[PDB]
$ cat work-v2.txt   # compact mmCIF, C-alpha atoms
# COMPACT_ATOMS: atom_id res chain seq x y z
CA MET M 1 -6.65 -7.19 13.93
CA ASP M 2 -7.29 -7.17 10.18
CA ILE M 3 -8.82 -4.47 7.97
CA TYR M 4 -10.91 -5.00 4.83
CA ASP M 5 -12.05 -2.76 1.99
CA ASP M 6 -15.61 -1.94 0.96
CA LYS M 7 -15.24 -4.20 -2.09
CA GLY M 8 -14.20 -7.08 0.17
CA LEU M 9 -10.45 -7.25 -0.37
CA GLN M 10 -8.13 -7.26 2.63
CA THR M 11 -5.87 -4.21 2.88
CA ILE M 12 -4.12 -4.20 6.28
CA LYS M 13 -3.13 -6.90 8.76
CA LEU M 14 -1.65 -6.46 12.24
CA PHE M 15 0.37 -9.27 13.83
CA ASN M 16 0.92 -9.95 17.53
CA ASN M 17 2.89 -13.19 17.98
CA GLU M 18 2.86 -14.73 14.48
CA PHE M 19 6.49 -13.87 13.66
CA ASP M 20 8.34 -15.31 16.66
CA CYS M 21 11.07 -17.72 15.51
CA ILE M 22 11.56 -16.09 12.12
CA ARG M 23 12.35 -12.96 14.12
CA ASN M 24 15.46 -14.67 15.50
CA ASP M 25 16.21 -16.07 12.04
CA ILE M 26 16.02 -12.58 10.52
CA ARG M 27 18.24 -11.24 13.31
CA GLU M 28 20.84 -13.90 12.48
CA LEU M 29 20.56 -13.11 8.76
CA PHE M 30 20.90 -9.36 9.43
CA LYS M 31 23.98 -9.86 11.62
CA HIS M 32 25.98 -9.84 8.35
CA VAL M 33 25.35 -6.16 7.58
CA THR M 34 27.96 -3.39 7.84
CA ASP M 35 26.72 0.20 8.28
CA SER M 36 23.76 0.37 5.90
CA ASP M 37 20.63 2.45 6.46
CA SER M 38 18.74 0.42 3.82
CA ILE M 39 20.36 -2.80 2.56
CA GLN M 40 18.66 -5.32 0.27
CA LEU M 41 19.78 -8.95 0.32
CA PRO M 42 18.53 -11.19 -2.51
CA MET M 43 17.39 -14.35 -0.73
CA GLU M 44 17.20 -17.42 -2.95
CA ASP M 45 19.81 -19.56 -1.15
CA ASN M 46 18.31 -20.00 2.33
CA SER M 47 14.68 -20.12 1.22
CA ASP M 48 13.66 -21.72 4.54
CA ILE M 49 12.57 -18.37 6.00
CA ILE M 50 10.67 -17.61 2.78
CA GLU M 51 8.89 -20.96 3.01
CA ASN M 52 7.97 -20.31 6.65
CA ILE M 53 6.61 -16.85 5.79
CA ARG M 54 4.63 -18.30 2.88
CA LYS M 55 3.13 -21.02 5.09
CA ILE M 56 2.27 -18.50 7.82
CA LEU M 57 0.50 -16.28 5.28
CA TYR M 58 -1.31 -19.30 3.81
CA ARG M 59 -2.66 -20.47 7.17
CA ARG M 60 -3.43 -17.06 8.73
CA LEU M 61 -5.31 -15.42 5.83
CA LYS M 62 -8.78 -15.82 4.31
CA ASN M 63 -9.71 -17.23 0.89
CA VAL M 64 -6.06 -17.17 -0.23
CA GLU M 65 -5.60 -19.09 -3.49
CA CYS M 66 -1.95 -18.31 -4.31
CA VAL M 67 1.02 -16.55 -2.73
CA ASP M 68 4.07 -15.11 -4.50
CA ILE M 69 6.99 -13.69 -2.49
CA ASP M 70 9.84 -11.66 -3.95
CA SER M 71 13.28 -13.13 -3.29
CA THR M 72 14.95 -9.94 -2.07
CA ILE M 73 14.51 -8.88 1.56
CA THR M 74 15.32 -5.33 2.62
CA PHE M 75 16.48 -4.12 6.03
CA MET M 76 16.13 -0.54 7.26
CA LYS M 77 17.67 1.31 10.21
CA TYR M 78 16.34 4.48 11.83
CA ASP M 79 17.96 7.07 14.10
CA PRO M 80 16.57 10.30 15.60
CA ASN M 81 15.91 11.79 12.15
CA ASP M 82 12.94 13.41 10.41
CA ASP M 83 11.60 11.29 7.50
CA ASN M 84 8.33 12.20 5.77
CA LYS M 85 5.21 10.80 4.08
CA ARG M 86 6.65 8.45 1.46
CA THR M 87 3.65 8.15 -0.83
CA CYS M 88 3.16 5.45 -3.46
CA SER M 89 2.52 6.46 -7.08
CA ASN M 90 -1.06 5.10 -7.13
CA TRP M 91 -0.23 1.51 -8.00
CA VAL M 92 -3.50 0.35 -9.59
CA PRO M 93 -3.99 -3.44 -9.88
CA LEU M 94 -5.39 -5.04 -13.05
CA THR M 95 -7.65 -7.90 -11.91
CA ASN M 96 -10.17 -7.80 -9.04
CA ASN M 97 -8.88 -10.68 -6.86
CA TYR M 98 -5.17 -9.87 -6.57
CA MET M 99 -3.15 -7.58 -4.33
CA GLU M 100 0.51 -6.79 -3.61
CA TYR M 101 1.45 -6.02 0.01
CA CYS M 102 4.51 -4.82 1.88
CA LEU M 103 5.23 -6.77 5.08
CA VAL M 104 7.28 -5.20 7.88
CA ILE M 105 8.82 -7.19 10.75
CA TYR M 106 10.32 -5.32 13.71
CA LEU M 107 13.80 -6.42 14.79
CA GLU M 108 14.30 -3.74 17.47
CA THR M 109 11.11 -1.97 18.49
CA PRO M 110 11.85 1.68 19.37
CA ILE M 111 11.04 2.80 22.90
CA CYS M 112 9.35 6.01 21.73
CA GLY M 113 8.08 6.87 18.28
CA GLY M 114 8.91 4.73 15.28
CA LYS M 115 5.28 4.01 14.40
CA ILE M 116 4.15 3.21 10.85
CA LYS M 117 1.29 5.62 10.16
CA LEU M 118 -1.10 4.67 7.35
CA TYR M 119 -3.25 7.25 5.56
CA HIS M 120 -6.73 6.52 4.25
CA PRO M 121 -9.68 8.85 3.61
CA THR M 122 -11.83 6.95 6.12
CA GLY M 123 -9.23 7.11 8.89
CA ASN M 124 -5.58 6.93 9.92
CA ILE M 125 -3.94 3.97 11.65
CA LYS M 126 -0.84 4.09 13.86
CA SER M 127 0.81 0.89 15.09
CA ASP M 128 4.10 -0.34 16.54
CA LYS M 129 3.95 -4.09 15.77
CA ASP M 130 4.58 -6.21 12.69
CA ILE M 131 2.41 -5.06 9.80
CA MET M 132 1.27 -6.10 6.33
CA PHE M 133 -0.16 -3.20 4.34
CA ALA M 134 -1.28 -2.57 0.78
CA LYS M 135 1.12 -0.85 -1.59
CA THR M 136 -1.81 1.34 -2.67
CA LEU M 137 -1.97 3.15 0.67
CA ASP M 138 0.37 5.98 1.68
CA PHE M 139 2.57 5.39 4.71
CA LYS M 140 4.78 7.48 6.98
CA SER M 141 7.64 6.37 9.23
CA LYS M 142 7.27 8.62 12.26
CA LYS M 143 10.38 9.86 14.02
CA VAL M 144 11.72 8.12 17.12
CA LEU M 145 12.71 9.70 20.43
CA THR M 146 14.57 7.07 22.48
CA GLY M 147 16.25 3.94 21.15
CA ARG M 148 16.93 2.68 17.65
CA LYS M 149 14.64 0.96 15.14
CA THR M 150 15.32 -1.89 12.71
CA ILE M 151 12.73 -3.22 10.26
CA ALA M 152 12.69 -5.97 7.65
CA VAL M 153 10.51 -5.32 4.59
CA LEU M 154 9.29 -7.84 2.00
CA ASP M 155 7.04 -7.62 -1.06
CA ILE M 156 4.36 -10.32 -1.33
CA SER M 157 1.75 -10.77 -4.07
CA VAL M 158 -1.37 -12.74 -3.12
CA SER M 159 -4.52 -13.82 -4.94
CA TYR M 160 -8.00 -14.42 -3.52
CA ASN M 161 -11.17 -16.21 -4.58
CA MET V 1 -13.70 -0.22 6.25
CA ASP V 2 -14.20 -3.54 8.01
CA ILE V 3 -12.22 -4.30 11.16
CA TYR V 4 -12.18 -7.72 12.85
CA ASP V 5 -10.50 -9.14 15.94
CA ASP V 6 -8.65 -12.46 16.29
CA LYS V 7 -11.93 -14.29 17.03
CA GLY V 8 -13.61 -13.09 13.83
CA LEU V 9 -16.03 -10.70 15.54
CA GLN V 10 -16.40 -7.36 13.76
CA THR V 11 -15.34 -4.45 15.96
CA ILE V 12 -15.11 -1.19 13.97
CA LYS V 13 -17.11 -0.07 10.92
CA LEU V 14 -16.22 3.07 8.94
CA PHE V 15 -19.12 4.13 6.73
CA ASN V 16 -18.26 6.66 4.05
CA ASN V 17 -21.27 6.84 1.71
CA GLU V 18 -23.81 4.97 3.85
CA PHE V 19 -25.81 7.30 6.12
CA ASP V 20 -25.91 10.30 3.77
CA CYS V 21 -29.59 9.60 3.09
CA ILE V 22 -31.19 10.01 6.54
CA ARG V 23 -28.75 12.66 7.78
CA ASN V 24 -31.29 15.38 6.99
CA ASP V 25 -33.87 13.52 9.09
CA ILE V 26 -31.42 13.30 11.99
CA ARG V 27 -30.81 17.04 11.59
CA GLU V 28 -34.54 17.74 11.89
CA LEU V 29 -34.65 15.48 14.95
CA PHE V 30 -31.75 17.34 16.58
CA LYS V 31 -33.47 20.74 16.18
CA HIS V 32 -35.37 20.23 19.46
CA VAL V 33 -32.36 20.92 21.67
CA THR V 34 -32.17 23.49 24.50
CA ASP V 35 -28.60 24.18 25.68
CA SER V 36 -27.71 20.58 26.58
CA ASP V 37 -24.12 19.35 26.41
CA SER V 38 -25.30 15.73 25.97
CA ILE V 39 -29.07 15.29 25.64
CA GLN V 40 -30.44 11.73 25.76
CA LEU V 41 -33.72 12.16 23.89
CA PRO V 42 -36.03 9.16 24.32
CA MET V 43 -37.12 8.77 20.70
CA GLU V 44 -40.10 6.49 20.11
CA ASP V 45 -42.40 8.09 17.52
CA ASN V 46 -39.61 8.36 14.94
CA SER V 47 -39.09 4.65 14.26
CA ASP V 48 -38.46 5.36 10.57
CA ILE V 49 -34.87 6.29 11.46
CA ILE V 50 -34.55 3.02 13.40
CA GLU V 51 -35.93 1.08 10.43
CA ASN V 52 -33.50 2.64 7.95
CA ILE V 53 -30.56 2.08 10.32
CA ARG V 54 -31.59 -1.56 10.74
CA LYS V 55 -31.92 -1.99 6.97
CA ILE V 56 -28.48 -0.50 6.30
CA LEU V 57 -26.84 -2.60 9.02
CA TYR V 58 -28.56 -5.76 7.76
CA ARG V 59 -27.48 -5.09 4.17
CA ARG V 60 -23.87 -4.02 4.69
CA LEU V 61 -22.89 -6.25 7.63
CA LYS V 62 -21.75 -9.79 6.87
CA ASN V 63 -22.97 -12.95 8.61
CA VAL V 64 -25.79 -11.30 10.56
CA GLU V 65 -28.58 -13.06 12.46
CA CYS V 66 -30.34 -10.19 14.26
CA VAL V 67 -29.77 -6.48 14.90
CA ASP V 68 -31.28 -5.15 18.14
CA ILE V 69 -31.60 -1.37 17.89
CA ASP V 70 -32.22 0.76 20.99
CA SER V 71 -34.98 3.39 21.02
CA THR V 72 -33.05 6.42 22.32
CA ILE V 73 -30.82 8.99 20.62
CA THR V 74 -28.08 10.98 22.36
CA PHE V 75 -27.04 14.29 20.80
CA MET V 76 -23.65 15.54 22.00
CA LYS V 77 -22.07 18.84 20.97
CA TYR V 78 -18.41 19.49 21.80
CA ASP V 79 -17.40 23.08 22.50
CA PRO V 80 -14.08 24.29 21.04
CA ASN V 81 -12.91 25.38 24.51
CA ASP V 82 -14.14 22.19 26.21
CA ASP V 83 -11.70 19.29 26.60
CA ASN V 84 -12.17 15.57 27.19
CA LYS V 85 -10.24 12.54 28.44
CA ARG V 86 -10.23 8.75 28.20
CA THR V 87 -13.25 6.58 29.00
CA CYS V 88 -11.73 3.32 30.29
CA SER V 89 -14.77 1.14 29.59
CA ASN V 90 -14.66 -2.32 31.19
CA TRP V 91 -17.27 -4.55 29.56
CA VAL V 92 -17.08 -8.14 28.31
CA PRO V 93 -19.95 -10.00 26.61
CA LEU V 94 -21.14 -13.20 28.27
CA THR V 95 -21.80 -15.00 24.95
CA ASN V 96 -19.68 -15.86 21.93
CA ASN V 97 -21.33 -14.40 18.80
CA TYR V 98 -22.70 -11.12 20.15
CA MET V 99 -21.49 -7.55 20.55
CA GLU V 100 -22.89 -4.17 21.57
CA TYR V 101 -21.70 -1.24 19.46
CA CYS V 102 -21.91 2.56 19.46
CA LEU V 103 -23.03 4.28 16.25
CA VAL V 104 -21.77 7.86 15.90
CA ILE V 105 -23.33 9.83 13.04
CA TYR V 106 -21.83 13.26 12.42
CA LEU V 107 -24.47 16.00 12.26
CA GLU V 108 -22.12 19.01 12.32
CA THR V 109 -18.54 18.20 11.35
CA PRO V 110 -15.66 20.44 12.49
CA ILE V 111 -13.41 22.48 10.23
CA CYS V 112 -10.32 20.81 11.69
CA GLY V 113 -9.47 18.70 14.73
CA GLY V 114 -11.56 16.76 17.19
CA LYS V 115 -11.59 13.37 15.48
CA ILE V 116 -12.70 10.28 17.38
CA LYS V 117 -9.63 8.25 18.33
CA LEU V 118 -9.79 4.61 19.41
CA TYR V 119 -7.25 2.68 21.48
CA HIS V 120 -5.89 -0.86 21.22
CA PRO V 121 -2.53 -2.41 22.22
CA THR V 122 -1.90 -3.19 18.52
CA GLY V 123 -3.01 0.08 16.92
CA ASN V 124 -4.96 3.31 17.33
CA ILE V 125 -7.53 4.59 14.84
CA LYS V 126 -8.36 8.26 14.32
CA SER V 127 -11.41 9.04 12.20
CA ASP V 128 -13.81 11.87 11.35
CA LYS V 129 -16.57 9.93 9.57
CA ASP V 130 -19.52 7.71 10.43
CA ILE V 131 -18.10 5.31 13.01
CA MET V 132 -19.52 2.18 14.65
CA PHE V 133 -17.37 0.65 17.39
CA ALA V 134 -17.80 -1.89 20.16
CA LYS V 135 -18.14 -1.07 23.85
CA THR V 136 -15.02 -3.08 24.77
CA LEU V 137 -12.71 -0.30 23.53
CA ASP V 138 -11.53 2.86 25.25
CA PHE V 139 -12.11 5.90 23.05
CA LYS V 140 -11.29 9.61 23.09
CA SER V 141 -12.91 12.72 21.64
CA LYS V 142 -10.02 14.92 20.54
CA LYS V 143 -9.91 18.64 21.29
CA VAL V 144 -11.89 20.50 18.64
CA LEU V 145 -10.36 23.84 17.70
CA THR V 146 -12.32 25.15 14.67
CA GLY V 147 -16.08 25.39 14.32
CA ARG V 148 -18.48 22.94 15.94
CA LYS V 149 -18.76 19.15 16.28
CA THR V 150 -22.28 17.86 16.98
CA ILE V 151 -22.82 14.09 16.81
CA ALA V 152 -25.68 11.65 17.31
CA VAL V 153 -25.18 8.40 19.23
CA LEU V 154 -27.29 5.24 19.10
CA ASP V 155 -26.85 1.97 21.01
CA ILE V 156 -26.51 -1.17 18.90
CA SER V 157 -26.61 -4.86 19.83
CA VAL V 158 -25.82 -7.40 17.10
CA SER V 159 -25.87 -11.20 17.33
CA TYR V 160 -24.23 -13.15 14.51
CA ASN V 161 -24.31 -16.84 13.54

$ encode --input "work-v2.txt" --output "structure tokens"
Amino acid sequence: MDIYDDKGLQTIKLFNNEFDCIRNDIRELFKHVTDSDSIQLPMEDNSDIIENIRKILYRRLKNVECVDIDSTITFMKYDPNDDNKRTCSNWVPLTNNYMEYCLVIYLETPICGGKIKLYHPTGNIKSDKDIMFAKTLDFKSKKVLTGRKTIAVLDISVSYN
Amino acid sequence: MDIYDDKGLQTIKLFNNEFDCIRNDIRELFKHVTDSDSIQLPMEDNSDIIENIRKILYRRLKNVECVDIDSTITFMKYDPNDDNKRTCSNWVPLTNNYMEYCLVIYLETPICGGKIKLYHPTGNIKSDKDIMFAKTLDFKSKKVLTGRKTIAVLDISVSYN
């Protein structure tokens, strides 16, 4: 499932089984974290996972001409808390064939709740799988009921033709 | 707002400024209603609406070979105190590049509530605009609670290349 804009640019992408082995790799990388709700690890040493993510995005996208991935990878933990609609300050791109996305990979899918809600004038989207969504859109991290929730977030800039 | 599946077949279309040219004509068509919850008017001597719908679909849908429009219109009004449920539609096309859709054009929008909400194991979409979705999906009409919600339904059948 992928979502496009009226201009033609891709805005949202929903993954099902694309991130399988890198899930275990990210789990192993995140094993070295001590009591952090949101911890950012700059990743330029073991760039193998970054190369795999770049190749996956190159093969499973449309008309992609270049891909740029930020080195740092952030990890977030969630407990039965509230959270709210963390809007983005209307990041407006400059060109017309370029877009910066946030990619979220689920390390421990919550049993109940923990769905990334996305707000758009034409309609809302609620999902529980790995996501790649535009920084322009406004997202909410809905509260969980049972179980924990761990996510890995990356910033990726792509260009189209 | 384009939506595509893993095969590349378009599934959901969200028109914002597309049908706000014939909406008055649909309103005049709806006027001939006599206390029917869901009236399936066989409309034949109004083919101008069909022609404009076909033109819009041909122009704003990508990679189109033929659009087969059906010659009936179903007006459904949803009472504030009337509730609904799932639909659980089981239907699979027998060919590759072909899909039957359901075009919902809003004639009387509600003040709040009662959006059309669509199910999928990788995301749910809630919307209150002009929607066009395939018959392979289970959908729900949410409980309206303010005002009235009267919609017009066509039956689409599109074959691509």

$ interface_residues --input "work-v2.txt" --of "chain V" --to "chain M" --cutoff "12 Å" --atoms "only C-alpha atoms" --output "count of residues only"
38

$ atom_distance --input "work-v2.txt" --atom1 "atom CA of residue 50 of chain V" --atom2 "atom CA of residue 90 of chain V"
27.2 Å

$ residues_around --input "work-v2.txt" --residues "residue 41 of chain M" --least-positions-apart "3" --cutoff "9 Å" --atoms "only C-alpha atoms" --output "MDAnalysis selection string"
chainID M and resid 71:75

$ calpha_fit_rmsd --input "work-v2.txt" --fixed "chain M" --moving "chain V"
1.0 Å

$ atom_distance --input "work-v2.txt" --atom1 "atom CA of residue 30 of chain V" --atom2 "atom CA of residue 144 of chain V"
20.2 Å

$ residues_around --input "work-v2.txt" --residues "residue 53 of chain M" --least-positions-apart "6" --cutoff "10 Å" --atoms "all atoms listed in the file" --output "PyMOL selection string"
chain M and resi 18-19+22+47+69+156

$ atom_distance --input "work-v2.txt" --atom1 "atom CA of residue 157 of chain M" --atom2 "atom CA of residue 68 of chain M"
4.9 Å

$ residues_near_point --input "work-v2.txt" --point "(14.8, -12.8, 16.1)" --cutoff "12 Å" --atoms "all atoms listed in the file" --output "PyMOL selection string"
chain M and resi 19-31+49+105-109+150-152

$ write_last_selection --input "work-v2.txt" --atoms "C-alpha atoms" --output "tab-separated table (two decimals), keeping the file's coordinate frame"
chain	number	residue	atom	x	y	z
M	19	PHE	CA	6.49	-13.87	13.66
M	20	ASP	CA	8.34	-15.31	16.66
M	21	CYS	CA	11.07	-17.72	15.51
M	22	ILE	CA	11.56	-16.09	12.12
M	23	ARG	CA	12.35	-12.96	14.12
M	24	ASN	CA	15.46	-14.67	15.50
M	25	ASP	CA	16.21	-16.07	12.04
M	26	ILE	CA	16.02	-12.58	10.52
M	27	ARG	CA	18.24	-11.24	13.31
M	28	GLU	CA	20.84	-13.90	12.48
M	29	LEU	CA	20.56	-13.11	8.76
M	30	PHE	CA	20.90	-9.36	9.43
M	31	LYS	CA	23.98	-9.86	11.62
M	49	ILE	CA	12.57	-18.37	6.00
M	105	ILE	CA	8.82	-7.19	10.75
M	106	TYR	CA	10.32	-5.32	13.71
M	107	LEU	CA	13.80	-6.42	14.79
M	108	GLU	CA	14.30	-3.74	17.47
M	109	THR	CA	11.11	-1.97	18.49
M	150	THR	CA	15.32	-1.89	12.71
M	151	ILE	CA	12.73	-3.22	10.26
M	152	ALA	CA	12.69	-5.97	7.65

$ closest_residue --input "work-v2.txt" --among "M:43, M:132, M:145, M:57" --to "residue 81 of chain M" --atoms "only C-alpha atoms"
M:145

$ closest_residue --input "work-v2.txt" --among "M:54, M:85, M:77, M:59" --to "residue 138 of chain M" --atoms "all atoms listed in the file"
M:85

$ closest_residue --input "work-v2.txt" --among "V:146, V:91, V:96, V:79" --to "residue 112 of chain V" --atoms "all atoms listed in the file"
V:146

$ build_atoms --input "work-v2.txt" --residues "segment 75-99 of chain V" --atoms "N, CA and C atoms" --output "CSV table (one decimal), keeping the file's coordinate frame"
chain,number,residue,atom,x,y,z
V,75,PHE,N,-27.7,13.2,21.5
V,75,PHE,CA,-27.0,14.3,20.8
V,75,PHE,C,-26.0,14.9,21.7
V,76,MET,N,-24.7,15.0,21.2
V,76,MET,CA,-23.6,15.5,22.0
V,76,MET,C,-22.9,16.6,21.1
V,77,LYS,N,-22.8,17.8,21.6
V,77,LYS,CA,-22.1,18.8,21.0
V,77,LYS,C,-20.8,19.2,21.8
V,78,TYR,N,-19.7,19.3,21.1
V,78,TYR,CA,-18.4,19.5,21.8
V,78,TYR,C,-17.9,20.9,21.6
V,79,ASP,N,-17.8,21.7,22.6
V,79,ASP,CA,-17.4,23.1,22.5
V,79,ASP,C,-15.9,23.1,22.1
V,80,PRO,N,-15.5,24.2,21.4
V,80,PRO,CA,-14.1,24.3,21.0
V,80,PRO,C,-13.2,24.5,22.3
V,81,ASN,N,-13.7,25.1,23.3
V,81,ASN,CA,-12.9,25.4,24.5
V,81,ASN,C,-13.1,24.3,25.6
V,82,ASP,N,-13.9,23.3,25.3
V,82,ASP,CA,-14.1,22.2,26.2
V,82,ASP,C,-13.3,21.0,25.8
V,83,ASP,N,-12.6,20.4,26.8
V,83,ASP,CA,-11.7,19.3,26.6
V,83,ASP,C,-12.3,18.0,27.2
V,84,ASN,N,-11.7,16.9,26.7
V,84,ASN,CA,-12.2,15.6,27.2
V,84,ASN,C,-11.0,14.7,27.7
V,85,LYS,N,-11.3,13.4,27.9
V,85,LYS,CA,-10.2,12.5,28.4
V,85,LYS,C,-10.6,11.1,27.9
V,86,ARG,N,-9.9,10.1,28.5
V,86,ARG,CA,-10.2,8.8,28.2
V,86,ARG,C,-11.6,8.4,28.7
V,87,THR,N,-12.0,7.1,28.5
V,87,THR,CA,-13.2,6.6,29.0
V,87,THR,C,-13.0,5.4,29.9
V,88,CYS,N,-12.1,4.5,29.5
V,88,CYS,CA,-11.7,3.3,30.3
V,88,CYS,C,-13.0,2.5,30.6
V,89,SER,N,-13.6,1.9,29.5
V,89,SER,CA,-14.8,1.1,29.6
V,89,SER,C,-14.4,-0.3,29.8
V,90,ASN,N,-14.9,-0.9,30.9
V,90,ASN,CA,-14.7,-2.3,31.2
V,90,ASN,C,-16.0,-3.0,31.0
V,91,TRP,N,-16.0,-3.9,29.9
V,91,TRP,CA,-17.3,-4.6,29.6
V,91,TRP,C,-16.9,-5.7,28.7
V,92,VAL,N,-17.3,-6.9,29.1
V,92,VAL,CA,-17.1,-8.1,28.3
V,92,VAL,C,-18.4,-8.9,28.1
V,93,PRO,N,-18.7,-9.2,26.8
V,93,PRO,CA,-20.0,-10.0,26.6
V,93,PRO,C,-19.9,-11.4,27.2
V,94,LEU,N,-21.0,-11.9,27.6
V,94,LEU,CA,-21.1,-13.2,28.3
V,94,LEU,C,-21.4,-14.3,27.3
V,95,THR,N,-21.6,-14.0,26.0
V,95,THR,CA,-21.8,-15.0,25.0
V,95,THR,C,-20.7,-14.8,23.9
V,96,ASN,N,-20.7,-15.8,22.9
V,96,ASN,CA,-19.7,-15.9,21.9
V,96,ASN,C,-19.9,-14.9,20.8
V,97,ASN,N,-21.0,-15.1,20.0
V,97,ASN,CA,-21.3,-14.4,18.8
V,97,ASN,C,-22.3,-13.3,19.1
V,98,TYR,N,-21.9,-12.2,19.7
V,98,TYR,CA,-22.7,-11.1,20.2
V,98,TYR,C,-21.8,-10.0,20.5
V,99,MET,N,-22.3,-8.7,20.2
V,99,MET,CA,-21.5,-7.6,20.6
V,99,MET,C,-22.4,-6.3,20.5
